[PDB]
Amino acid sequence: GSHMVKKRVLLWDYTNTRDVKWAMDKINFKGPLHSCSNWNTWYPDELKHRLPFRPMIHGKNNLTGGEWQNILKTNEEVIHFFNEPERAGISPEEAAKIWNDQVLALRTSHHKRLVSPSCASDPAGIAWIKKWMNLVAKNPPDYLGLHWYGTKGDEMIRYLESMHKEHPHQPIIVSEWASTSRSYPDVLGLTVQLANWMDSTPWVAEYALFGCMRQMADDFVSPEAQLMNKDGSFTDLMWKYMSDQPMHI
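Reminder that position 121 of the sequence shown reads as 118 in the deposited numbering, one-by-one numbering, no gaps.
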């Protein structure tokens, strides 16, 4: 408690880049926001370098050609591997072979830091990352990527504690999380709890709250958790995430 804690990621869906570039300029760059990701290899120009950007090798499409050239040429420091590879048909054995064969070079040759694939928090996700981490143990990632979605603050905390215990050798990046509660009071309550918690957990490197986009991503996420309105203005939850440390109700 001597310094504003800055470990909040701006998740910047490509539909923002498509429709409301101007909303990036309404971002508070002075608060606890310290990075930005967009699930892609390409850079969102409207950011204008106002935060570090983590490119992602999302899936198999992003391993060759121009997608790969975007990764090879990036001035940014930290690169994410696959999004939810267990749900895209990608085997731990294969993502292992890809890591050793092509992604390691981004460290050993480009001195980038690399996030593990970010798996869902369900048993299929937990067993995917468990096996992959085992296979690449001789060349491990800099960071363990995790997704968490649900209604109970105390449950996300137990999942992070659990996963930290199971994969002790590196810090955690929560590359996506949110409240799925439809009660705005519960959404705010959990977000506050987990932002403030993760802020004082030294082994949590950074955390990335989902929902800064004009339309609902799917039926699983809560309309009450949205960080942007349909006109591309920011919601109060977004104001607080990007302005308040500690954050409060």
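Note that CB positions come from ideal geometry on N, CA and C, so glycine has one too.
Exercise. Between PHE26, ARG211, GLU43 and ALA92, which lies nearest to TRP129 when the distance is taken from Cα to Cα?
Worked result: In the sequence shown, counting from the first residue as 1, residue 129 sits at position 132. Selected option, being the one with the closest Cα: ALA92.
Problem set entry | DSSP-derived helix/strand/coil call for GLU203 | Indexing the sequence shown from 1 puts residue 203 at position 206. Strand.
For this session: Determine contact between the segment 59 to 69 and the segment 42 to 49, defined as no fewer than three beta-carbon pairs at a distance below 8 Å.
Result: no
Exercise. Who are the Cβ neighbours of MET213 in its own chain at under 8 Å, not counting the five residues just before and after it?
Worked result: The residue labelled residue 213 in the question sits at position 216 within the sequence shown. So the qualifying residues of the chain are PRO220 and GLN223.
Problem set entry | Residues near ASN226 by beta carbon distance below 8 Å, same chain, minus five either side | Locating residue 226 in the sequence shown gives position 229, where the first residue counts as 1. Closer than 8 Å at the Cβ level, and outside the excluded window around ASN226, lie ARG211 and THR232.
Problem set entry | Other residues of its chain near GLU152: CB distance less than 6 Å, five sequence neighbours each side excluded | Residue 152 sits at position 155 when you count from the first residue of the sequence shown. No residues qualify anywhere along the chain.
For this session: Count the other C-beta atoms from every protein chain shown that fall within 10 angstroms of the C-beta of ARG15, then say buried if there are 16 or more, exposed otherwise.
Result: As a first step, residue 15 must be located in the sequence shown, where it is residue number 18. Burial call: exposed.
Exercise. Going by the beta-carbon positions, is the gap between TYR156 and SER106 smaller than 8 Å?
Worked result: Within the sequence shown, residue 156 is the residue found at index 159, counting from 1. Within the sequence shown, residue 106 is the residue found at index 109, counting from 1. In this structure, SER106 does not lie closer than 8 Å to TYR156 by Cβ.
Problem set entry | Own chain, CB closer than 7 Å to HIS164, minus 5 neighbours either side, in chain order | Numbered from 1 along the sequence shown, position 167 holds the residue referred to as residue 164. Counting only Cβ-Cβ distances below 7 Å, and skipping sequence neighbours, we find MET130 and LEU141.
For this session: Assuming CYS116 and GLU83 form a contact by the criterion Cβ under 8 Å, report the distance between their Cβ atoms to the nearest whole angstrom.
Result: Residue numbering aside, residue 116 sits at position 119 when the sequence shown is read from its first letter. Residue numbering aside, residue 83 sits at position 86 when the sequence shown is read from its first letter. So it is a contact: roughly 6 Å between Cβ atoms.
Problem set entry | DSSP beta-bridge partners of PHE231 | Against the sequence shown, residue 231 aligns to sequence position 234. BP columns for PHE231 point to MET225.
Problem set entry | Proximity below 8 Å, CB of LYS4 to CB of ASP196 | Indexing the sequence shown from 1 puts residue 4 at position 7. Indexing the sequence shown from 1 puts residue 196 at position 199. Cβ atoms of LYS4 and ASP196: closer than 8 Å.
Problem set entry | 8 Å contact criterion, which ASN72 and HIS55 should meet: CB distance rounded | Walking along the sequence shown from the start, residue 72 turns up at place 75. Walking along the sequence shown from the start, residue 55 turns up at place 58. Not a contact, Cβ separation roughly 20 Å.
Problem set entry | Per DSSP, the bridge partner or partners of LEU30 | Here residue 30 refers to the residue found at position 33 of the sequence shown. BP columns for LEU30 point to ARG5.
Problem set entry | Rounded straight-line distance, which links the Cα of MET1 to that of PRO243 | Stepping through the sequence shown from its first residue, residue 243 is reached at position 246. Stepping through the sequence shown from its first residue, residue 1 is reached at position 4. Near 9 Å, if we compare the C-alpha coordinates of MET1 and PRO243.
Problem set entry | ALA192 to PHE217 span [Cα, whole Å] | For this step, residue 192 is matched to residue 195 along the sequence shown. For this step, residue 217 is matched to residue 220 along the sequence shown. Cα to Cα, the separation comes out at about 21 Å.
For this session: Name the two residues that bound the continuous alpha helix (DSSP H) containing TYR40.
Result: What you label residue 40 is simply residue 43 of the sequence shown in a count that begins at 1. Per DSSP, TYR40 lies in no alpha helix (DSSP H) segment and is marked neither H nor E.
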